[PDB]
């Protein structure tokens, strides 16, 4: 009933658990507000490539708190800064992000050092690498990639939800999966790519297949697609993959604005 995930756009969503609704990674700009990311796949394309699926009023209505996994543009933007009430609790990954968001007028910013409790819900920070080892060995790409957390949400009699975040598949993902055994796994599978590099700074179809093997009973939700310029894996791509591998019952690919009951 109450517990649900409403996908908004890219990695932006609203996760409701009990009476608490978390606005996740709000990148709220109108269509084509920005040029494509410099030096990335398909940089000529402006972003976001689609408008939000609902009015700002409907988007913000029942939001209790905000979770910001990192402050890359496509997870935290000027539109969000100027639209979200400054008094809402904002959960962030580290002091640098807290300082940034505080400087933007938010008066209740909370760093998840390990875990925090909020209205009976436990939020646990998970690790991640926003790129491969080779990419982090590159002095130009590395600082642009930075840190980006995932979050485990736990609450009594509710599914444990793993917001994996902007990471490739590392041992931090294996750690979270085994330690917390999430029942719902929200994955960024747009396979964002950089010019001159073969792999991705986030996940793609390979990771979806691997997740189904690791957690055969979990409800997987694939997002972070069809919005920014450099995500080389689309919803259409993921749909073909999950169909061909007979894993459609395991993996949801929600449309912008679509709600999935958890």
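Positions refer to the first chain, counted from 1.
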Requested in this report: Can you let me know which of the two, 150-158 or 134-142, has the higher average C-alpha B-factor in the entry?
Outcome: 134-142
Query raised in the report: Is the mean CA B factor in the deposited entry higher across 15-23 or across 239-247?
Result: 15-23
Query - Residue selected from 108, 172, 74, 166 by maximal Cα B factor - result: 108
Query raised in the report: Going by the entry, which of 200, 233, 69, 40 has the most elevated CA B factor?
Result: 40
Report summary line: Split the chain's modelled residues into thirds by Cα B-factor; residue 208 lands in the lowest
Query raised in the report: Against its chain's modelled residues, does residue 115's Cα B factor rank lowest, middle or highest third?
Result: middle
Query raised in the report: Where does residue 93 sit by CA temperature factor within its chain: lowest, middle or highest third?
Result: lowest
Query raised in the report: residue 46: which third of its chain by C-alpha temperature factor?
Result: highest
Query raised in the report: What third of its chain's C-alpha B-factors does residue 228 belong to: lowest, middle or highest?
Result: middle
